[PDB]
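Chains as they are written, first to last, in UniProt numbering: chain A, 676 to 736; chain B, 553 to 614. Taking it in order: structure first as structure tokens, then the write-up.
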Amino acid sequence: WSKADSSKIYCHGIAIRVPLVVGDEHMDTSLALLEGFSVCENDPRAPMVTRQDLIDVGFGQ
Amino acid sequence: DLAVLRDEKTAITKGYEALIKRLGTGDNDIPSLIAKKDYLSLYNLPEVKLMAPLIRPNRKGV
């Protein structure tokens, strides 16, 4: 799926329709990427990591 | 004066230094306690109590 066509959901190329309409219910994906995290502004200083060490992270980090 | 490190790593290093300085002779020190197998009194030392704030707080128990 993609924005600008959010009323559609592809399944092996088969476009399906949504019985509803949304313009913001989807725009907020800050929590759909990871479990106990949220996206934030880009920062190159921050170090690259994996999915395992995530457990040993803190806050404001 | 002849150092470039920050207060964080320097604090860690000084905590380790103090904890080693407790490696001397006399009771209340770690050698006597090991000989007596008093592995518990080590947890209550003051030096670990001063380095504790530096531990990651969200996983300090584990």
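For every residue, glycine included, the Cβ atom is placed at its ideal position computed from N, Cα and C.
| Check | Outcome |
| --- | --- |
| Segments assigned alpha helix (DSSP H), at least 4 residues, entirely inside the region 561-598 of chain B | 582-588 |
| Collapsed DSSP secondary structure at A555/B in the structure displayed | coil |
| Stretch-stretch touch, CB-based, cutoff 8 Å, three pairs: the region 690-709 of chain A with the region 581-597 of chain B | no |
| Amino acids of chain B, ordered along the chain, whose beta-carbon sits closer than 8 Å to that of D728/A | Within chain B, no residue comes near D728/A; the closest Cβ sits about 12 Å away, beyond 8 Å. |
| Chain A contact for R574/B (CB, 9 Å cutoff) | no |
| Segment limits, beta strand (DSSP E) that includes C715/A | Neither: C715/A is in no beta strand (DSSP E) and is coded neither H nor E. |
| Any chain A beta carbon closer than 9 Å to residue 519/B | The question about residue 519/B has no answer here: the residues shown for chain B are numbered 553 through 614. |
| Alpha-carbon spacing of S681/A relative to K561/B, whole angstroms | 50 Å |
| Start and end residues, beta strand (DSSP E) containing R692/A | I689 to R692 |
| Residue from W676/A, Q736/A and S713/A whose Cα sits closest to the Cα of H687/A | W676/A |
| Test: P598/B CB closer than 9 Å to a CB of chain A | no |
| Cβ of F712/A within 9 Å of any chain B Cβ | no |
| In DSSP terms, what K683/A is bridged to | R692/A |
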